[PDB]
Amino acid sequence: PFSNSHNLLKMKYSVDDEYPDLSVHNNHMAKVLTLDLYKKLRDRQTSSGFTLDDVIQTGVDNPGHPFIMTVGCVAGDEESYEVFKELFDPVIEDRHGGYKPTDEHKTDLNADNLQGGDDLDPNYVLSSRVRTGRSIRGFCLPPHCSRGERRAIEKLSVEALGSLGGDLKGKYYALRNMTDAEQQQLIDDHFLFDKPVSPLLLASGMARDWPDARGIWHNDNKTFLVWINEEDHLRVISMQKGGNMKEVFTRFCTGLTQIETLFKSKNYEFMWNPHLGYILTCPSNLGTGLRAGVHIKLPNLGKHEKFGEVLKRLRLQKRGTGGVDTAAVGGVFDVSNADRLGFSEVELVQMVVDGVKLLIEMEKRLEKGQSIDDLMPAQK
């Protein structure tokens, strides 16, 4: 990243002179990078000038921990995954549960294929959401994109979003000219994003020129949200209070379809291929880039010795909730699908719907002091 991407004097130094010191590192890149791989790939560049050193810098700078391995590398453009496939393919295989170079990724954004999920118990599920990321083909990704590229992405995106109507009619809020009131309102809405503070992001060069060409779009109904030029070109989020995951996913799918159609009318499309699905900056987000989740009240499961194992069997994961600061919130979890690549969007939301229903059944048993042993699911 930064100027060093194109420090021409690297050519006079050897593989041994330039190879990073990854001796205290615990990230996927560092697990894969070898002296021979560095030798083979250090003289290659994508058409936009992205290099191996650019790919790996964040994992050089951020050793990571063993508790939850970080990827340690980024793509700078679409070509990155091809030009540096000898590094990315094993990283992807390790990060995505054995996903091999020969495997196929199926996309499925036909919400009609989702079964049920219109009725997650709202006594437990406070809110439902489905998010993903997209990249616009022909532009570099945020670690590498120029101010010019970023501005072009914002202009195309704003124009497409300004063409949505009906339930998806909305408004754009550029970060650069945001008023205080507007900022506080987006904060109230849980729609604002800030300059990144993660050293994993910052080390990749993605936060350059902040806040130039960054913005927030949302529909008037505040159920469809788009972030422009943050971690990826687009982040798209559908949400609703309550338990109707089916309606949230239906909106998600028709909004992405409508947006894509509008881009296509201007000769733009998303980065996608049948191996990696949708292309994004971080290898962890490939395939679907989809996180479908619920904010759910599970105070008894939360304390249960088997909760982590149940989530794993269901291919789900948890985090706490977070929007703005205030005070502790007892037994409420953000539960979402764990997988991203090698499962379609429909399959992922199906796993959340089916899994959350079982979690609620278990929570109800625990409320009564009943065992949940018989409800332990088989591994999915």
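Just count from 1 along the sequence shown to find any residue number.
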> Looking at the deposited entry, does 286-294 or 159-167 carry the larger mean Cα B-factor?
Replying inline: 159-167
> Given the B-factors recorded for C-alpha atoms, which segment has the greater mean, 59-67 or 24-32?
Replying inline: 59-67
> Highest CA temperature factor in the entry: which of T132, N229, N273, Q183?
Replying inline: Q183
> Taking the Cα B-factors listed in the entry, which of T281, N177, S198, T107 comes out highest?
Replying inline: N177
> Of the three thirds of its chain by CA temperature factor, lowest, middle or highest, which one includes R42?
Replying inline: lowest
>> Going by the CA temperature factor in the PDB record, which third of the chain does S80 belong to: lowest, middle or highest?
In response: lowest
> Compared with the other modelled residues in the chain, in which third is the CA B-factor of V352?
Replying inline: middle
>> Could you place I372 in the lowest, middle or highest third of its chain by Cα temperature factor, using the values in the record?
In response: highest
> Lowest, middle or highest third: where is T321 by Cα B-factor in its chain?
Replying inline: highest
